[PDB]
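Engineer: Structure below; questions to follow.
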Amino acid sequence: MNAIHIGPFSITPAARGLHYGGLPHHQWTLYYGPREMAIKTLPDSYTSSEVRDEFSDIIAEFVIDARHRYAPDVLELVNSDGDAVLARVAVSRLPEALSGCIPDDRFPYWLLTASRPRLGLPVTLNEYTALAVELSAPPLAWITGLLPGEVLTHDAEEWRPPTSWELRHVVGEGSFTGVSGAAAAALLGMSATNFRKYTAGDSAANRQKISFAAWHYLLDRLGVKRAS
Amino acid sequence: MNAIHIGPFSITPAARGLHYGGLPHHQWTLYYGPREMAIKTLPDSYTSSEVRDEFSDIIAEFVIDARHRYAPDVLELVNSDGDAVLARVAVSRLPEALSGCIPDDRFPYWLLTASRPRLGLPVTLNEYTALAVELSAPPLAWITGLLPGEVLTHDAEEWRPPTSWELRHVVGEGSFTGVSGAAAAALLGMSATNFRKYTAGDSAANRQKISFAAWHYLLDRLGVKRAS
Amino acid sequence: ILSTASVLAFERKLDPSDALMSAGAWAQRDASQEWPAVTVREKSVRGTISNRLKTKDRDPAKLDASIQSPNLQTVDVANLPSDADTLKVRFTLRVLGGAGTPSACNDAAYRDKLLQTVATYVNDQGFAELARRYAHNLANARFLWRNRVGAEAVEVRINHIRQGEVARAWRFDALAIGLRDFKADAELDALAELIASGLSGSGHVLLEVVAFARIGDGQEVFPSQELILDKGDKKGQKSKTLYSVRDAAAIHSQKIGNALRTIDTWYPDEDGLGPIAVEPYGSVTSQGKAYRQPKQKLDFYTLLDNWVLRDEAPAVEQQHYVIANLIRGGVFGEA
Amino acid sequence: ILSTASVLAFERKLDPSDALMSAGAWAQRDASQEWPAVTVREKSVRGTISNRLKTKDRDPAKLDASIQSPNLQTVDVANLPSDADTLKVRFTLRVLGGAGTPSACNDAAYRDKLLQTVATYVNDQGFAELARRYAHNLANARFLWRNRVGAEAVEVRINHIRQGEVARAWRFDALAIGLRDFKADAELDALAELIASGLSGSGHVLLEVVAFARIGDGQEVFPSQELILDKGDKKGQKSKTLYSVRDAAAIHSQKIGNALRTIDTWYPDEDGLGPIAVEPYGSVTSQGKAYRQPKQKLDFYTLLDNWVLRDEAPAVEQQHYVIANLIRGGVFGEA
Amino acid sequence: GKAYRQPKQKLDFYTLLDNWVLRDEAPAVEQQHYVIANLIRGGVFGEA
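Protein chains in written order, with our numbering: chain A, 1 to 228; chain B, 1001 to 1228; chain C, 2001 to 2335; chain D, 3001 to 3335; chain E, 4001 to 4048.
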């Protein structure tokens, strides 16, 4: 019938309509960006919502795949022996001072990495709080795996504005963050129509690009990047 | 001569000149906005650096009083004894689960306020890590005590854009953040002239109001508010 | 060309004294010369936070922490004794002439033109409306600022002191004479003529003005409030100190002069709000706005420049406002 | 857009005088005009360790060493004489009116809108529920804070002092009219209409309130407690200082005003405690917590901003709370 | 000059009150008599 825009996904049917059995049928394809996820055939008598919960299992499988693949690293605060884990923190970025080490009895608390090559640092509790404050991962940080490095840099010269697809990951509809367009407009402090010029693409009319500060504050409010 | 602008401070002379001693003199006035703090008689042979250094002691005293007047509250993580302060974290706001608390041996770690009727909760190291990630104050948080509440609020309808005075608190010259206009324009991703339009007031021509997301991301980047 | 003079300092006319307060009883106001004075005592206040929060302190635990550590202050308080219901407020007023003559000037041409302008003002309409309004503000106890908002009955006695003895005594019911309307009365007209003769330079006018207010038995009376240095701890902060001279609570003389100057009813805004103080750019600091804005052509300086430099004489009410600014004094002139 | 005024200071209505404490006997309260005042005397106290030890003073030797050095203090104490069991407390309350009008308001249009909001309140329901609850707090001796928790019988006499004389007398029982229930009574209703006429602006209301408490012969009466500068030696430490005005123990005026203010029952928490004082963010010092949090959207500022700016009028109980805060007064608005 | 009911022996007022209220460890009947008698005598119990 026409493509259904759910999240960054587009359910695009084929223009040609075949007749499987005694009913008209169409090739509906799920696109994540430019890549096809699934190919299957659905009747034209089916509603668009029926196509939606037909593709919902593959959509949720890709959601769990993107959650697990870009899951943030976890540092463990352990005791002098190192076997018992007192605390676990989901980090955003690994530090630049930790190295390969074995916990000793000279320091009571040690920070280590979740992986088998345990690289870490012996820190006290206040330094542990300082590190957890400056390097915590926001709850929806895995979407930063799906976004390129140019749209996530804090330097404006290396910063590239997001496209319609990259913005359309996390603004409205069944997004990965789950928020709506009006909610994302109210987070940025402006009305719904001015954000609707940001969301809608196609021609250059009503295609103002979001600024660097507004994009990073929106990422802060959605808990995707910089939200410690 | 002319006024000396040190952040929100304005050193403006009286237009009348006196002749204290034999040498000519001028009565120089130091304002923090509408409030004057020091009126001092200084020679006309003084350079701008000497006029700045005459009021620098009162400027530093007011800065120290503002740091000690709008300092964020401190949460202390203590053991079961409740005396040895294991950790200290400066928080922008306290947890809502805080009530009047004395530590016991029922829980190994406790969180308390630094106030004399201490408010706290029995916490674990993961929950204390989560609370410290959520609620920690940025380092230059005391400047939020020198800003009005309507420029720090997160709702769109109850927010007024800051003036040139409240912008000059944090952005340029002798601002309390210590950054210049070029650095604060680099943090916001805008041009030097575009941000100089924001900083300079006077007439409405070549003077625009900063947006919600840009002002909030600037306060996030400068370490003044919403920077865990 | 008659350029504007640089310094235009004017001496204040209608000089008041520091209005001392004492305590006593109604119907003993005749023998009120031996009344004991109101003393400024100190008392302790403990309070919770009641002002608006900055939205950082809208955290419930911040509010409970503020309650659990409430603010402690010491306040200077002025109260009547429990056997005294009447507050007696006494001052003296010196009405002086030579209102148009500046104390300092930088141009003989400007001084001559200003003296000529005030002279033709007095010849066409002297200090009659201004002294009527000043006699009104003496009649109602507007110098009892918060000592009249709850007062049951206020009486004002004004004695004309000539050679150390009384020449004429005026007794006024200060509640019947309102703070809004400038009506006419025979005693008010006699006091207006006396203040007119004082302002014209045709005589010496010294008045003893005594106000008796029924604040109530043991009630809080309100003197003028002083500077707060804040050089101690936050517990013994001494958040409020009141004005006293020698163990006797008193009101500042500039407050009495401000109350006497509240005659301006000709600002460009609506005059149904009430009279305000004659002062340049017509300000009241409680309402925070300035009536007679400089952009409008009705503030004191633009009206003075039109009246003197280019001889555009304003309306008679606005010229009364200009002459009342000249009477009240001030450091006029640019810099 | 009709924003809130930055300066919204309000004067307090229902101004209480300082509550003088005297000493006397029961059934002589009809002639208690000569009773000797309660004098703040001094007594010495020796104390051992009775506070929680911070795990380092809990050693037997350190604790016994702390016992062998007792903390000697001198405390200001207020006791009745051994032939006196009744404590008399006398204060005057002045009801002003004009609670809608702020003392200071930056925004005219906001002042007009707030005046129209208070006017539409009074046109809907006048100062009748608030005056009834304030009259209930007059009738019970809630101003006798700790001189009622163990009192056998408390009696309150309220006189309407119009022209320095009793215009109307009321006698009550402060124990029958509890601190929990706002019931209805004919004399309580008459006092409610008197406070209503005071608060609306119909007339001037001054009330002389006398309280008698059956504490006990020679028992300790509890005045308001002052603030200690803590400068002297640790032997004569002066840990506690009571409030006196002229060699005569007394309660602070704002304590009496807070106890009369204790009418707020419409806070979102349960009625297990009872009425609290009408504060912004409903603060209670003894409980250490704030009823009417800003998070639960029932504080004074959110209710007033909904009522005035965007015409979202709350329930009549919250309207009573808002008007009771306006009667209470404060420095509202952004500093 | 000697303290019976030392906090080492856990027979003081504060340990017994905390065990009674928080952990619901009701002490011996004479000891809860002592605890309620301490509440009768009053105090500035809590953090000091």
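Backbone N, C-alpha and C fix where the C-beta goes; we use that ideal spot for every residue, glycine too.
1) In whole angstroms, what separates the C-alpha of D:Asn3140 from that of D:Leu3130?
2) Along the region 4016-4033 of chain E, where does the CB come closer than 8 Å to a CB of chain B? Name the residues.
3) With a threshold of 9 Å between beta-carbons, can D:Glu3270 be considered close to chain B, or not?
4) Could you work out which residue in C:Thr2265, C:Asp2083, C:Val2089, C:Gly2232 is closest to D:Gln3033 when comparing CA atoms only?
5) Excluding sequence positions up to five away, which residues of its chain have a Cβ less than 6 Å from the Cβ of B:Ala1132?
6) Count Cβ pairs between the region 3307-3326 of chain D and the region 3218-3237 of chain D that sit closer than 8 Å; are there 3 or more?
7) Here's the rule: buried if 16 or more other CB atoms are within 10 angstroms of the residue's CB, otherwise exposed. What is D:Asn3258?
8) Would you mind working out which of D:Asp3059, D:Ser3286, D:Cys3105 sits nearest E:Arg4005, comparing C-alpha positions?
9) What in chain C is Cβ-close to D:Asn3106, meaning under 8 Å?
10) Name the DSSP bridge partner or partners of D:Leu3130?
11) By the criterion of Cβ-Cβ separation under 7 Å, what are the contact partners of B:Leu1131 in chain C?
12) Does the region 2237-2244 of chain C come into contact with the region 2059-2076 of chain C, if we say contact requires no fewer than three beta-carbon pairs (one atom in each stretch) closer than 8 Å?
13) For B:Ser1115 versus C:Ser2069, is the C-beta spacing smaller than 9 Å?
14) Who are the Cβ neighbours of B:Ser1048 in its own chain at under 7 Å, not counting the five residues just before and after it?
15) Can you tell me the Cα-Cα spacing of B:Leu1218 and B:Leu1146, whole angstroms?
16) Consider the Cβ of D:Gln3225: report whether some Cβ of chain E lies at a distance smaller than 9 Å.
17) Any C-beta of chain D sitting closer than 9 Å to the C-beta of B:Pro1122?
18) Report the residues of the region 2067-2080 of chain C with a CB closer than 7 Å to any CB of chain D, ordered along the chain.
19) List, in chain order, every chain C residue whose beta-carbon is nearer than 9 Å to that of B:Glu1096.
20) Can you grab the Cα-Cα spacing for the pair D:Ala3250 / C:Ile2228, in whole Å?
21) Going by C-alpha distance, which of B:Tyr1070, B:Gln1208, B:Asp1057 is nearest B:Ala1137?
22) Pairing CB atoms from the region 3089-3100 of chain D with CB atoms from the region 3194-3202 of chain D, are three or more of them under 8 Å?
23) Taking DSSP as the reference, what is the three-state secondary structure of D:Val3156?
24) Comparing the C-beta of B:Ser1092 with each C-beta of chain A, is any distance below 9 Å?
25) Strictly below 9 Å CB to CB, what residues from chain B border E:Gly4046?
26) Along the region 1179-1205 of chain B, what residues have a CB closer than 8 Å to any CB found in chain A?
27) Which first and last residues belong to the alpha helix (DSSP H) in which B:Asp1057 is found?
28) Looking at the secondary structure, which residues open and close the beta strand (DSSP E) in which C:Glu2165 lies?
29) Have a look at C:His2252 and A:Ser228 and give me their C-alpha separation to the nearest angstrom.
30) Does any residue of chain E have a CB that is nearer than 9 Å to the CB of D:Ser3239?
31) Which of the residues in the region 3244-3272 of chain D, read from start to end, lie with their CB under 8 Å from any CB of chain B?
32) Between the Cα of B:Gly1022 and those of B:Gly1082, B:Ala1014, B:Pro1043, spot the shortest distance and give me the residue it belongs to.
33) Give me, in chain order, the residues of the same chain whose beta-carbon lies closer than 6 Å to that of D:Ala3211; leave out the 5 immediate sequence neighbours on both sides.
34) Applying a beta-carbon distance threshold of less than 8 Å, which residues of chain B neighbour C:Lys2235?
35) Quick one, which of D:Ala3005, D:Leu3014, D:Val3007, D:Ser3006 has its alpha-carbon nearest D:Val3205's?
36) For the alpha helix (DSSP H) holding C:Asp2189, just list the boundary residues, first then last.
Structural biologist: On the basis of the coordinates in this document:
1) Rounded to the nearest angstrom, the gap between the Cα atoms of D:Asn3140 and D:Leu3130 is 15 Å.
2) Result list: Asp4018, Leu4022, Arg4023.
3) Cβ-Cβ to chain B under 9 Å: no for D:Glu3270.
4) The shortest Cα separation from D:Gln3033 among C:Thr2265, C:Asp2083, C:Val2089, C:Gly2232 belongs to C:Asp2083.
5) Answer for B:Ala1132: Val1089, listed in chain order.
6) With the cut-off at 8 Å, the region 3307-3326 of chain D and the region 3218-3237 of chain D do not touch.
7) With 16 or more Cβ atoms within 10 Å of its Cβ, D:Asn3258 is classed as buried.
8) Nearest in C-alpha terms to E:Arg4005, of all of D:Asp3059, D:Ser3286, D:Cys3105, is D:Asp3059.
9) Going along chain C in sequence order, the residues near D:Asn3106 (Cβ under 8 Å) are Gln2287, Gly2288, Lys2289.
10) For D:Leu3130, DSSP records no beta bridge to any residue.
11) Per Cβ cutoff of 7 Å: no residues; B:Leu1131 is ~12 Å from chain C at best.
12) At 8 Å Cβ cutoff, the stretches touch.
13) Their beta carbons are under 9 Å apart, which means B:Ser1115 touches C:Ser2069 by this criterion.
14) In chain order, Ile1004 place their CB closer than 7 Å to the CB of B:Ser1048, counting only its own chain and leaving out the 5 sequence neighbours on each side.
15) Answer to the nearest angstrom: the Cα atoms are 16 Å apart.
16) By this cut-off, D:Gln3225 is not an interface position.
17) Not one beta carbon of chain D lies nearer than 9 Å to the beta carbon of B:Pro1122.
18) Answer in chain order: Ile2067, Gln2068, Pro2070, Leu2072, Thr2074, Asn2079.
19) The answer, in chain order, is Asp2059, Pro2060, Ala2061.
20) Looking at the two C-alpha atoms, the distance is approximately 27 Å.
21) Nearest of B:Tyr1070, B:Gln1208, B:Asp1057 to B:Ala1137, Cα basis: B:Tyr1070.
22) Three or more Cβ pairs closer than 8 Å define a contact, and the region 3089-3100 of chain D meets that threshold against the region 3194-3202 of chain D.
23) It is a strand residue.
24) Taking 9 Å as the CB threshold, B:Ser1092 stays off the interface with chain A.
25) Within 9 Å Cβ-Cβ: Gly1100, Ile1102, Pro1117.
26) Taking 8 Å as the Cβ-Cβ cut-off against chain A, the residues of the region 1179-1205 of chain B that qualify are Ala1186, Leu1188, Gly1189, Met1190.
27) It spans 1048-1069 - the alpha helix (DSSP H) in which B:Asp1057 sits, taken as one unbroken run.
28) Residues 2165-2173.
29) Cα to Cα, the separation comes out at about 56 Å.
30) By the rule that beta-carbons nearer than 9 Å mark a contact, D:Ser3239 does not touch chain E.
31) Within the region 3244-3272 of chain D, no residue has a Cβ that lies closer than 8 Å to any Cβ of chain B.
32) When each option's Cα is compared against that of B:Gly1022, the closest is B:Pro1043.
33) Listed in chain order, the non-local C-beta contacts of D:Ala3211 below 6 Å within the same chain comprise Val3089, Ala3141, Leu3144, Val3156, local neighbours out to five positions each way being set aside.
34) From the beta-carbon of C:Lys2235, no residue of chain B is found nearer than 8 Å; the closest lies around 12 Å away.
35) Among D:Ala3005, D:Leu3014, D:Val3007, D:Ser3006, the Cα nearest to that of D:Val3205 belongs to D:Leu3014.
36) Start and end: 2186-2199.
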